[PDB]
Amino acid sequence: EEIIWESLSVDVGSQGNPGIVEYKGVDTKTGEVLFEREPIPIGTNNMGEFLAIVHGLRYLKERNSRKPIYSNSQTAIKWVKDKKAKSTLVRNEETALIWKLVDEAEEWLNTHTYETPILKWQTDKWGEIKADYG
């Protein structure tokens, strides 16, 4: 399998797991930032990766783009394809925002179709995903 350069890559920037979560999606070739989510005060890295993929799906659907999405998170890819985020994060006032976003992303998946291929970024083969925060 080879890299599809005409694609979108997503990744999460964490400050702890659980901890603050942000994410972005970038053009795999150029690095152009296409969308970003401001820091969510608490969530898990997995929840962030899930939100990042779904955000990418919504972005690409709006623009009628057929570009694939790359994610380095096998867990998030599975959650998106299952249309179910199997997170164990406690639901309380502290985590209300991340769970609101996750619940809404699930609702979107369960009420829409999409053509975007969702592909695993192979870090061991290809180096850093283009959306990496460092």
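Start at 1 with the first residue shown and count on from there.
* Averaging only over Cα atoms, indicate whether 29-37 or 71-79 has the higher B-factor in the PDB entry. => Higher of the two, by average CA B-factor, is 29-37.
* Asked: As stated in the PDB record, which stretch has the larger average Cα B-factor, 97-105 or 83-91?
  -> Going by the record's values, the stretch with the higher mean is 83-91.
* To do: Please pick out which of 120, 125, 24, 112 has the largest Cα B-factor as recorded in the entry.
  => Most elevated C-alpha B-factor of the set, per the entry: 125.
* **Chain third (lowest, middle, highest) by recorded CA B-factor, residue given as residue 18** => According to the entry, residue 18 has a C-alpha B-factor in the chain's highest third.
* If you rank every modelled residue in this chain by C-alpha B factor, which third holds residue 46: lowest, middle or highest? -> Within its chain, residue 46 is a lowest-third residue by C-alpha B-factor, going by the deposited values.
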